[PDB]
Amino acid sequence: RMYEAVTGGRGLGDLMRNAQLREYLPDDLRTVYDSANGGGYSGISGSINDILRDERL
Amino acid sequence: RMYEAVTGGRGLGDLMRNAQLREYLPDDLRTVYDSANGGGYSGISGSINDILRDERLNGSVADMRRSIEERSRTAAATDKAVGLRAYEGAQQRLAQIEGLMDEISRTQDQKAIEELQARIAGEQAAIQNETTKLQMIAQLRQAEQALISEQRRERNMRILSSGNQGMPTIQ
Amino acid sequence: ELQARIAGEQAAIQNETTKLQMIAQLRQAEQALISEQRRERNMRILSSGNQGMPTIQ
Amino acid sequence: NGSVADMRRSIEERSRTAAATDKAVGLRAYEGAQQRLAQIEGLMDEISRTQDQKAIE
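Chains as they are written, first to last, in the entry's author numbering: chain W, 59 to 115; chain L, 59 to 229; chain X, 173 to 229; chain D, 116 to 172.
Listed below in structure tokens is the structure:
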């Protein structure tokens with residue numbers, strides 16, 4: 059029983075793996091400042107357009 | 059069998075060592091700013107030359123004016139939006155950390171808690187990587203602000219330049 | 173278990189460091205936004221499209 | 116030192132080079148960090164399947 063307890067893969071280490079959070083920070087910083095239209099990612103674009111339109115005094 | 063499973067070098071620990079990431083960052087900080095022509099690397103020098111070429115925009119003065127104004131506006135807005143999304147990401151990472159802990163409360167076997175400790179170490183590695191990415195984004199932001207100011211200087215030196223020769227007409 | 177809990181604690185502290193870096197970045201962005209709004213205001217008050225002139229009486 | 120025009124051209128070129136080098140090093144380091152994250156994912160996905168306590172340690 060002790061031997062089977064210590065030595066054997068038992069599932070853990072695969073917790074919250076498939077949940078991806080790398081998708082939130084920018085993927086690549088070559089079109090990051092042109093992302094207002096295309097290149098980069100689209101949620102960034104939506105936020106940029108929202109702030110740019112709303113800050114219009 | 060138990061002694062064999064506890065004692066004896068068994069390889070794992072040199073996993074994925076062949077790929078080296080040293081060359082991504084400079085070797086020494088003496089020629090990094092001389093790197094326009096030499097010192098650094100050839101690809102990074104190509105990127106420097108290319109970005110200098112693309113920044114040196116042309117056209118009539120009105121086109122450069124509108125381009126610079128829009129560039130500044132969108133730069134500020136992009137900075138704010140990146141901050142927003144990255145904060146949502148940090149909160150999600152905190153949620154994962156709390157989940158990992160309330161999983162740590164319920165591990166029964168020694169190798170289970172060992173694998174979980176290793177997973178937490180990997181989570182710390184991911185968080186360190188996120189911090190490095192934040193630093194690089196901030197540095198890029200400062201560089202691009204400097205570039206916008208340089209474009210402004212280019213325009214107001216082009217207008218006032220001594221090499222002009224035109225003069226309006228009288229009639 | 174205590175060693176792994178301390179590891180989790182370090183993870184939380186690193187998360188706090190990330191959030192502080194990010195708040196500083198947002199502060200700089202907000203200052204730049206305020207400067208841009210000032211510039212837009214001084215453009216609107218100096219715009220060449222202002223063809224109006226006060227009357228004489 | 117030298118001619119003042121030499122000073123002017125040297126300063127202008129040095130400023131442009133400084134800005135461009137800053138941006139380029141930033142980008143290069145960013146894809147480096149992406150490589151690092153891929154390495155981390157690989158390490159964890161391979162650590163889920165160890166067999167002996169010495170291997171996991």
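We put the beta carbon where it would ideally sit given N, CA and C, even for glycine.
- In the structure shown, the three-state DSSP call for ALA183(X) is helix.
- Contact check between the segment 66-85 of chain W and the segment 167-176 of chain L: three or more CB pairs, one atom from each, fall below 8 Å, which counts as touching.
- Within the segment 141-154 of chain D, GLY141, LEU142, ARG143, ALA144, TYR145, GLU146, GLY147, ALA148, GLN150, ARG151, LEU152 and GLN154 place their CB atoms closer than 8 Å to a CB of chain L, listed in sequence order.
- For chain W, the residues of the segment 196-212 of chain X that bring a beta carbon within less than 7 Å of one of its beta carbons are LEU205, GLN209 and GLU212, in chain order.
- A straight-line Cα-Cα distance of about 22 Å links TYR61(L) and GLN166(L).
- Contacts with chain X at 8 Å (Cβ-Cβ) do not include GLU81(W).
- In this structure, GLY157(D) lies near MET74(L), with their beta-carbon atoms less than 8 Å apart.
- In this structure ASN107(W) touches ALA94(W) by the C-beta definition: roughly 7 Å separates them, less than 8 Å.
- Along the length of the segment 135-159 of chain L, whole beta strand (DSSP E) runs at least 3 residues long do not occur.
- Cβ contact annotation for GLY101(W) (same chain, cutoff 6 Å, sequence separation greater than five): none.
- Ranked by Cα distance from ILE195(L), the first of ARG211(X), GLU202(X), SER207(X) and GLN197(X) is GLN197(X).
- Listed by position along chain D, the residues whose Cβ is nearer than 9 Å to that of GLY98(W) form an empty set, because the closest Cβ is around 13 Å away.
- Bounds of the alpha helix (DSSP H) holding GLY101(W) are 100-112.
- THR65(W) belongs to the set of residues whose beta carbon lies under 8 Å from a beta carbon in chain D.
- DSSP places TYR61(L) within a helical segment (H, G or I) once states are collapsed to three.
- Rounded to the nearest whole angstrom, the CA to CA distance from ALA144(D) to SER103(W) is 24 Å.
- Among the CB atoms of chain W, one or more fall inside 8 Å of the CB of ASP167(L).
- Around the CB of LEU192(L), 16 or more other CB atoms lie within 10 Å, so the residue is classed as buried.
- Taking a contact as a CB-CB distance under 8 Å, the pair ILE109(L) and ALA135(D) counts as one, their CB atoms being some 5 Å apart.
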